[PDB]
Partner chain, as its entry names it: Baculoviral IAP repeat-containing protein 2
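One chain comes next, on its own, written as C-alpha cells: the form solved without the partner chain.
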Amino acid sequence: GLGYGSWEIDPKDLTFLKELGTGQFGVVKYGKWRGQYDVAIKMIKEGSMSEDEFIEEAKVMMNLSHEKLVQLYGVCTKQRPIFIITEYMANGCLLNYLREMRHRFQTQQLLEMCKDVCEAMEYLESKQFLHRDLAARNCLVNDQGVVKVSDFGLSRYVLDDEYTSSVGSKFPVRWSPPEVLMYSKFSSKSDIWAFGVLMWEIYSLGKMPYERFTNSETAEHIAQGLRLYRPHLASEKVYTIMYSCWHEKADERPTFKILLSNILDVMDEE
C-alpha cells in the first residue's frame, strides 16, 4: 500500500513466533505475515551491511524464482534495523542437518540434495547471477527434506573486511578455486568449484573440507594442484562428478547444465 514499493514489506504485518538463532548479520526469527504465511525474518545488525546497495539489489533478487532457491519476499526498509523476509525452511541449515547422525541418510538422499542445489545453480547460471559464496552453510532444508540455496549474492554487501578479503580470517578459502585465491578472479567457474566442494560436504556428512589443514595450508595445497579426495559414501561416478569441478583450468570445468545431466545419469544408474 501507500508508502511501499513492490520490494517493501510492512513490518506491522509480521507476527514473531520463535528465535531461529544468529547468523552473520545477526538475529533470525520465525514468524507469520498477515497472520497466516510462514516467513523467516533476518534482523540486519547495524553496520554489518551496505544497505542502500543491498536494497537496490533486492529488486533483482525478488525476480529470481525457482523452486530450489529460497525465495526473497521483501525487505522492511527505512527503520533500524532493516529486516529481510524470506521463505521459511523448517529444518534449518544444511550443514547442521548433515551432521545429525540420527538421519541415517541413504546415498540416494545425498544425491538428491546435490540435484536440488544443482537445479538452483543452473537457474542462477541461466540468469548470469553468481552466488559468490556457495557452501553447505548457505543452503537450507524445508519440512519435506528439500534442499534450497540461500543468500545468493549477499556476500557483495558484507562490510566486515575479514569476510571479503581473500586474506581475511573469514574468507571462504576452502570453497575457492586457485584463480580466486591467487588473483580474485570470480566467474561462473568459481561457483562450479564451490559446488564440487559442497557435493564433498554432503557426501562427507558435513565434515569441514581439508579438515586437518589451516586456511593457509589449504591455499598452498590447492594452488600446487592437489585436491580433496573421495568421501567413503561417494561412488566412483559421484566422485568423478565432484572432481570435475576442480580442474585447475577454469574453462575445463563443466557448466551447471552439464553437472545436472551427469547427476541425473548417476541417479538412473545407481
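Residue numbers count along the first chain shown, from 1.
Here the subject shifts to the form deposited with the partner chain bound, a form of this protein not shown in this document.
The closest heavy atom approach of residue 95 to the partner chain in the deposited bound form falls within 4.5 Å. Residue contact with the partner chain in the deposited bound form: residue 223 places no heavy atom within 4.5 Å of it. In the deposited bound form, the partner chain lies within 4.5 Å of some heavy atom of residue 100. When the partner chain is considered in the deposited bound form, residue 185 lies well away from it, no heavy atom lying within 4.5 Å.
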